[PDB]
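Engineer: Sharing a structure, written as structure tokens. Questions coming.
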Amino acid sequence: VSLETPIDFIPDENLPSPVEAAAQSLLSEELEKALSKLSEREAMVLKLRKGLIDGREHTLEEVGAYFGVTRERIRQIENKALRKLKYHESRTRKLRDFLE
Amino acid sequence: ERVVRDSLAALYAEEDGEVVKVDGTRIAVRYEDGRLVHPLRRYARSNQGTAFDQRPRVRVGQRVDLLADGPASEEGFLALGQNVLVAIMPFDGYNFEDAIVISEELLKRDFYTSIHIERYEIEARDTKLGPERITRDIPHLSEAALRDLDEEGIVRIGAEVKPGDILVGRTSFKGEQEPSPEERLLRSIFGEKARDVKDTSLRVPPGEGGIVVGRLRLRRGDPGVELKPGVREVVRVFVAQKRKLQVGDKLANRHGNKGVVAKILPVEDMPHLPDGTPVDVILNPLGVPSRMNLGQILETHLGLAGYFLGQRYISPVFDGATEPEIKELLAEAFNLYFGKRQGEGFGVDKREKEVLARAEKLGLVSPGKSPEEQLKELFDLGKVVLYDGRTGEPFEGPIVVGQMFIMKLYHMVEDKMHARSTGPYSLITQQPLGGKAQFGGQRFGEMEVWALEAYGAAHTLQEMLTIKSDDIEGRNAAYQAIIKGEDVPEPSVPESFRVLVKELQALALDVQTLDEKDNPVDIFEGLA
Amino acid sequence: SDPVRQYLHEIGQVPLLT
Amino acid sequence: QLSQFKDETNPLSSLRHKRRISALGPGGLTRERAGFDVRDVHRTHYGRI
Amino acid sequence: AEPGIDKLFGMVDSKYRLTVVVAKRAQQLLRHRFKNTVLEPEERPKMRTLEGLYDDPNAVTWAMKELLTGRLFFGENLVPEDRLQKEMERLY
Amino acid sequence: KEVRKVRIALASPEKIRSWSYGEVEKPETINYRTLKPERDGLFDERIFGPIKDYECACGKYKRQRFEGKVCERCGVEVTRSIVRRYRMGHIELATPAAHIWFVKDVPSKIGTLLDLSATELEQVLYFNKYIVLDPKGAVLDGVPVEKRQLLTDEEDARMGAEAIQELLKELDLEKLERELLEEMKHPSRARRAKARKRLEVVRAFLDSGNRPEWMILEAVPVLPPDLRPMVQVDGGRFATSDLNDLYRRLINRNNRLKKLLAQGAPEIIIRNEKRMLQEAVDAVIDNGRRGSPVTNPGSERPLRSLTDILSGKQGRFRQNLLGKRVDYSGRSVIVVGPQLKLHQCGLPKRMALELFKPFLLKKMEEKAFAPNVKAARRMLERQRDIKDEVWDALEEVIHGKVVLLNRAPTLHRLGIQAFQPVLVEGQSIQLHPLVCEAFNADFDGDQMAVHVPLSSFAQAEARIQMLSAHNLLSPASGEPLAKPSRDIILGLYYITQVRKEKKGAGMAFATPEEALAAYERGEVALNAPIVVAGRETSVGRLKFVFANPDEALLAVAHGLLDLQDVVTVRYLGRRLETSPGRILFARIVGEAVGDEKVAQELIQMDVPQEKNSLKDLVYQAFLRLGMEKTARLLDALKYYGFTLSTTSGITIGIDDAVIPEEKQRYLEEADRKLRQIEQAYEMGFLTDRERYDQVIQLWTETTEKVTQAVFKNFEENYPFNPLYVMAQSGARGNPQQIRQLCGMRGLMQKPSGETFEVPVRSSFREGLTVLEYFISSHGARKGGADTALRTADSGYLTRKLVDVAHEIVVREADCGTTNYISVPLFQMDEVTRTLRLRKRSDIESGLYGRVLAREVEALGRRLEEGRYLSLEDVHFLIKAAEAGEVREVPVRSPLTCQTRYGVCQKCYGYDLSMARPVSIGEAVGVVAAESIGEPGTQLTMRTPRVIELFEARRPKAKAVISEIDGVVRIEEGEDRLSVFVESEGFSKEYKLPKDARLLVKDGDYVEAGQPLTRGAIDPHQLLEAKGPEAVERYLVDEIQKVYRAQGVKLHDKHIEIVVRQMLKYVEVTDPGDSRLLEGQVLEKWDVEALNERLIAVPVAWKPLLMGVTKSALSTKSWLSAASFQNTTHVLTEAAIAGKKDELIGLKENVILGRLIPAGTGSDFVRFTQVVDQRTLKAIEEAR
DNA sequence: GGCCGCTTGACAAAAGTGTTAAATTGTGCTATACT
DNA sequence: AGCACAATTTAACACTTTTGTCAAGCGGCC
Ligand SMILES: [Mg+2]
Ligand SMILES: [Zn+2]
Ligand SMILES: [Zn+2]
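Written as structure tokens, this is what we have:
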């Protein structure tokens, strides 16, 4: 179990990464901005669906009761988001947030 | 004569001869006793990142008893550095204090070049939660830069790679960070899905522009490898790289005169000798000549002398080779040098005549016969007039020129430089240290802070402990600010101080942030 | 010189049993 | 300590180790910079060897 | 050195009080509102690179020149430090 | 709110359960068969036991949680400790313990009555009898007396260390008495020392709570840290940490004791099983006395327990204060080249892309380049080699934005500075030559920490003060620095060394004879006089002060004027004789600044040469320039300063140093004197010893003669030819360095101490006899081990200097102090009773811009009191000193001011740098260290005297002196050659041994009594029999002698401001209302207890004397101190009592995180400066 | 009349409760040898 | 050097059920 700390012995660290935290809010702000071209009946849908509002990973079932309409079309907006949003990525560099 | 064999740098020759060498990478045998092939070290490997080679020197048959040189040697003769024509003189200031001047001539012929190797090692841990394995389909890393020079995992041998590339892309099921809230969107938006292995690879270190010589897979299942328990697949690759010669580095011959390459002016300029051969290296005094006096110039005078006369004199310590010994040698060298000129179709130059008017009164050369002799004695203890390829007129004054010895120390510049930003980090220590991509580092000596505060610098001083380093929760403020907008940095929030208060809190000691009001007793540490 | 001696002097000062 | 990384920078470097010789190590003649009184212990000596 | 730096010391009673004014101004000279500079005519500090003539992104230099036009003011004045936002408010 | 003061001291055991609350117990297992992290005991995440399914209740809101198994939205995944503090409890409840109690008899012995055995009971090995029932043997008692068996002889009773906790209230109720009945012990001498220490320790408990909770009953370590995960890389694996294992020997021991005690456990078994628990306490605190290695019984590395690591020596206190870790900088090699002389720098063109990446990204966002900031982070990583457009936008960012270049190691204020990054090519970082003289290092691959300030409030705070074109011209010490360093001097020296080539001495009838005839042969343009002038009549350079001398520089360019100063008549402003060479110099500095009018009356002509005077030209120019123009000079002397030497060249040939043709026979006479002293032995004359030193002196003199002959041979003939002198005179050469080469220097001394017999046959040109080098090496050994030994002790002494003077800052405005100091204009010489001119070099830098204590009348105008006597007034007083009007120039030194927390306003005459009075904010406390922060490397530690007086340590032989001024009294005998001193009163007996026993007479105040030739008796006796009169001055005079021996530029009050710190502490005698008769109150602070109370009580004192290291252990604060070699007693005394840290202190702010009380953050510079005219006009009505 | 949108039904995939199988402690205690 | 018994305890895995998602059908609107 190592000689504890022979001869501040060994550095190594990667938990409260500074850049990760700076880019954490950044990647978040980028989304807050990347969601400006979205509609409530789509953005919020993704918010509650992909657990974003806070942490609740509610599904289409819980997102359909409060959103008047039911499943499908609220699901056809989910896909609409994957496309209408993706169509705004191939022309706008932003695929550099995965490696984080 | 023994430093080449005793050090076993090179090889040897047993009994008779008759080599019939095939050369290449495996010296043949000798008709002495049996048939034994002498395999070269094949560039081998160094412990200082140098890698020595051993080129042969024979064919058909020969014996006496050298046989193939070694690292830095030539015909059983120890050759560490490299000797080149130099000239003592100041030039615009590209040799102040004790710096050194270099020409482009050396680079054109790659005169000064070396080799540096470095061994890598990527072990595939087995944290049980998720074993690691080397694959060529790293998640999210789906690109050409991979499949092109990676494949099957390890990089192909003989593939030139630069810094910021993959070498041993190992996959680990180690799931430390589950999917993030708003991150699940950018993951579904695109055509890709999620992940469960992460990139996690080797990634070339901050400096490596060469090629691979060969790899080596050392995984378990082999009882012939004493490895760390629980470890599997210990990739080990060797990356090479040519050194060439940029700017800087230490020359320092064999006397003490050490310096650094300032600027390498391409041919054009530099003192042009009255027959071509532009001064390759300029060694201006200052530093050790007058102060820590030495005897290196005694090589220059006998350098060009051995150049023209075509010889490499041997000067044993405390024996032979004295001032008068240079006289006899200089005589032959002169008549041979001026000989060509005088017979080439000319003799004595105007610009080479005014220089004598200097020594004349200067008491250097004795007045008497034509410039012929004045240029002779000026060669015995000095050199020819010499000119300047940049300006246009010759350097008014007797300048010395000759071949001495210009070595090169291990300490260079490339692997002796560093640069970073907020990228570095060393959790628990609360300071920039470590990194799987950049091993940056920088210390602020104690004798440095006092000087910084000596000035009116109070915000710059504090800054060194405000955002950067200390305040981890503050490191973002600045870097996050500038990137977004102007704004002035935070008031400062020390990180180590919180650790100091804690470490010092291990005991009764209660580091209270007593406010100026006294009775309130301020305290900043409640997770804000 | 260890503190074990202090106890070694207190443990080897009282007789055992007949 | 003594078992320093064989400086294989060059032939002359590896040979200077077997003759390098020192006074620092398991003995009490170590301690760099200071060490009671070693000022007149590292100075020259009447040994042309 | 700085174009007319010595002239900056003469005014301020201290070399340290000068620096503060230099930045204190730069804080509300480029970041607050780039349109708060007294030097607007032909005295407007500008750069001349390969492209053309533009205003240097650095405002610390403007202060040294801005605190030489005879204008501005320094020292203990206006206790309300929250009033600076009011004056800056009118400047959008 | 805002951070301010700080509190500490002990904390009752109940308070320990406050910060920690609970969450502890269980073994210290760091893992399990599975799940390496959790262990539900050691570093268990507070309320985290696999699936506690709770704890999240305490949290109000913020986010969800409770995920049953695995883990919820707790800290384990995020916010785990967050590097914050997290106390445990360690439970504990055994007998007792001990918080180390330091090693200065604290928390015990002082508050009690037992020493050298107080541990015998505190370690459970005795019995602190604390009961009264009438004994038998020898009456009862109340302390330790029952050493085993005794306590059982009667069979209260306490044999364990638990009694320490019992003496809590027992000493609390008696505390009031321990401060009364204890102090009741008046003088009587001897014991009056303990009552002082006992009262100081009990004075703490006398107020502000603080109970004797020293008897720990439950420790509380830390868990968040120590826990390093797997670390592969290179060729290794595995990992861990300390603080855990070394801690396991505490909890487990406490538990096992709870298992033994609960069951059947006889006394003996518990007494030893308990003492190990407290041993574990000290083990977790500091490993000493015995130690605790690993892998027992095998010896290996000592376990790290705070000692030397964390809260102790260099480990977490020396590295966090200053030597932290900058998160914005880099390193590289060094280079030199005509950049622009200041205002610019080198800095790579590749790495700079990272240092200035932030703002550079935002710039591209609007410059079309990058679409967003994020994308700008993925275009420069894979080394795609951009080199396109980006290099341009980078310029806008690097426009007027300076960078801080540092040098390692650091020395004095001239160790940082700042320039403007001018990306060149390659990677090598180059700088201006001159700047090197400030770092002291030869270009040979050295590096320079390139720091970079972010905040804009740091940029202006830098380039305005740290710019090399400001804080480098006139440094501290005393003399300038920006002056043209080496090389440059030789570039102007090679044209002013006379052209006299010896032509003879002819004559012409006004230039009509030897003008054309001599032009053919003999007599050129040297001597020869005609009418009045000489050969000057040849090329009359006309022109005028219109556009420089045309005919002059014009003729030189062609094949006419040989230049290099060949004597020529110009027109400039008058018919002179100056050659076109010097004309160039005056022309370079002319167009540089403005009109030769200034340089004309400044630059000399009688003795040009451009020798070691270039430091006086630029220096004198400052008075009529002021940076803006001054900088231009160092720039003009640059271009030409190197070009002139370039388009000329001067090599050092082996013959360049022509051997003295008139030297050979000199050694003959010297050797012909050998037999002279040799044959004296065969005749039996002159002892073998007398012969020894007899021959030594012989060669010691001839060497100077030979050197003179050489220096002479190199003066007359062979002028510019010999370069060995061109640098020796004034450029970059040493005089004694010449006598080595062409000389013969061989007067080397044996390794131990005895100049060899026959010298060395130097004459390098001729190889030594193989013996000469081996003989000369013996001396060439100390010349390297001494300089390198300047990091052993001397290097660890400068810290003491920076620690002392720390809170010294120039503030306020006009304090008003009567008493003044009178600097001596003439000093005495021990050799002969006669004052000297002090060589002037001491008076100058000693009065350079000061504060005339009073009006100074001396031929002509008077030097008004409080007048800043610049360099001019200095020379005026020195030259007028020879007259006989002034002997002691009145002045005000930092030693006279009732302010220990702050320096003084206008008292520290001139800020020795900007050639003007000091500015409010100049932390002279640190500058004082910058002064002494240089000679260190230039010393001789191999003996050490400068530190001797500092710590006030009694010097060698003590140098006994006359404590009183009596009379002659000089009696001699056999071995009692002692001398006494008395007068109509008492006579003291000075057992003067056998040495410097001079006569002298008529009493003597202190002097030396005769034996004390140098290093008078430790200041302790001085101040003891004199006072703060000679103490504060004796240092400024003696201490400098060690500096004057090497000719130091520093002096003035730089060393006179650090003395006030060692002499600002006073003692107590019959105080007023204030407790502690002994005490150790400071100066000013004590004056306050006698200032406000004066309007009522007498509070007399005595000027105490403390060393340099003692002025740290006991200070007004605590954050300082420690460091040195006592980071154990400090925190002790510092604790216990209130000892509230001050507020005004550089460190206090840097450490805590506050802003600097000095610099631009001073209390004198925190007002407003924003008012764009209309702003003030608007608010005028808006109010 | 056709197209689009919304709602419901069916299918597929992943949890709470149950069920059982594998490990630690104590103690027992064993056990053997020496006094 | 250690095995067992018991006892009891700890750990995990699998089931049947439930929940979520997708496709199809129906209704309404254009
Ligand atoms: Mg160096
Ligand atoms: Zn839970
Ligand atoms: Zn004062």
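In order, the protein sequence lines correspond to chains A, B, C, D, E and F. Under the deposited numbering, the letters of the first sequence match residues 330 to 336, 346 to 438, in that order. Under the deposited numbering, the letters of the second sequence match residues 585 to 621, 623 to 649, 653 to 1116, in that order. Under the deposited numbering, the letters of the third sequence match residues 93 to 110, in that order. Under the deposited numbering, the letters of the fourth sequence match residues 390 to 438, in that order. Under the deposited numbering, the letters of the fifth sequence match residues 2 to 93, in that order. Under the deposited numbering, the letters of the sixth sequence match residues 3 to 157, 453 to 1240, 1257 to 1409, 1413 to 1499, in that order. All C-beta atoms in this analysis are idealised placements derived from N, C-alpha and C, irrespective of residue type, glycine included.
1) Taking 6 angstroms as the cut-off, does the CB of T1115 of chain F come closer than this to any heavy atom belonging to ligand 3?
2) Quick check on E333 of chain A - is its C-beta less than 7 angstroms from some C-beta in chain B?
3) Going along the region 1204-1228 of chain F in order, which residues come within less than 9 angstroms of chain E, judged by CB to CB distance?
4) Give a yes or no on whether the C-beta atoms belonging to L353 of chain A and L1015 of chain B are separated by under 7 angstroms.
5) Grab me the residues of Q611 of chain F's own chain with a C-beta within less than 8 angstroms of its C-beta, minus the 5 sequence neighbours each way, in chain order.
6) In chain order, what residues have a CB nearer than 5 angstroms to some heavy atom of ligand 1?
7) Just to confirm, does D55 of chain F get its C-beta within under 6 angstroms of one of the non-hydrogen atoms of ligand 2?
8) Quick check: the region 1257-1276 of chain F against the region 1487-1496 of chain F, are at least 3 beta-carbon pairs closer than 8 angstroms?
9) Cβ of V1055 of chain F within 7 angstroms of Cβ of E1069 of chain F?
10) Whole angstroms are fine: how far does the CA of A1265 of chain F sit from the CA of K407 of chain D?
11) Determine whether the beta carbon atoms of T875 of chain F and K1097 of chain F lie at a separation below 7 angstroms.
12) Report yes or no: is there a C-beta of chain F within less than 7 angstroms of the C-beta of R49 of chain E?
13) Quick one: give me the first and last residue of the alpha helix (DSSP H) that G1143 of chain F is part of.
14) Between residue 1243 of chain F and chain E, is the shortest Cβ-Cβ distance under 7 angstroms, so that the two count as touching?
15) Grab me the residues of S1057 of chain B's own chain with a C-beta within less than 6 angstroms of its C-beta, minus the 5 sequence neighbours each way, in chain order.
16) Tell me the residue span of the beta strand (DSSP E) that contains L1049 of chain B.
17) Check distances from the C-beta atoms of the region 116-146 of chain F to those of chain C and list, in chain order, the residues that come in under 9 angstroms.
18) What is the DSSP secondary structure of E585 of chain B, reduced to helix, strand or coil?
19) Sort out for me which residues DSSP pairs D1126 of chain F with in a bridge.
20) With 16 other CB atoms within 10 Å as the buried threshold, where does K111 of chain F fall?
21) Check the Cβ of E88 of chain E against every Cβ in chain F and list those closer than 7 angstroms, keeping chain order.
22) Under the DSSP definition of a beta bridge, which residues are partnered with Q670 of chain B?
23) Could you check the C-alpha separation between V1109 of chain B and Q1100 of chain B for me, to the nearest Å?
24) Does DSSP put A675 of chain B in a helix, a strand or coil?
Structural biologist: With the structure as the only source:
1) no
2) no
3) Listed in sequence order: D1208, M1211, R1213, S1216, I1217, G1218 and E1219.
4) yes
5) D605
6) F:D741 and F:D743
7) yes
8) no
9) no
10) 49 angstroms
11) Cβ atoms of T875 of chain F and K1097 of chain F: not closer than 7 angstroms.
12) Taking CB atoms only, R49 of chain E has no neighbour in chain F less than 7 angstroms away.
13) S1138 to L1144
14) Chain F lacks the residues between 1240 and 1257, and residue 1243 of chain F is one of those with no coordinates.
15) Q1019
16) Taken as a continuous stretch (DSSP letters only), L1049 of chain B belongs to no beta strand (DSSP E), being part of the alpha helix (DSSP H) at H1047 to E1051.
17) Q125, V126 and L127
18) Reduced to three states, the DSSP call for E585 of chain B is coil.
19) F:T1129
20) Buried: at least 16 other Cβ atoms inside 10 Å.
21) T1491, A1494 and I1495
22) B:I994
23) Our two residues, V1109 of chain B and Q1100 of chain B, have alpha carbons roughly 7 angstroms apart in a direct line.
24) strand
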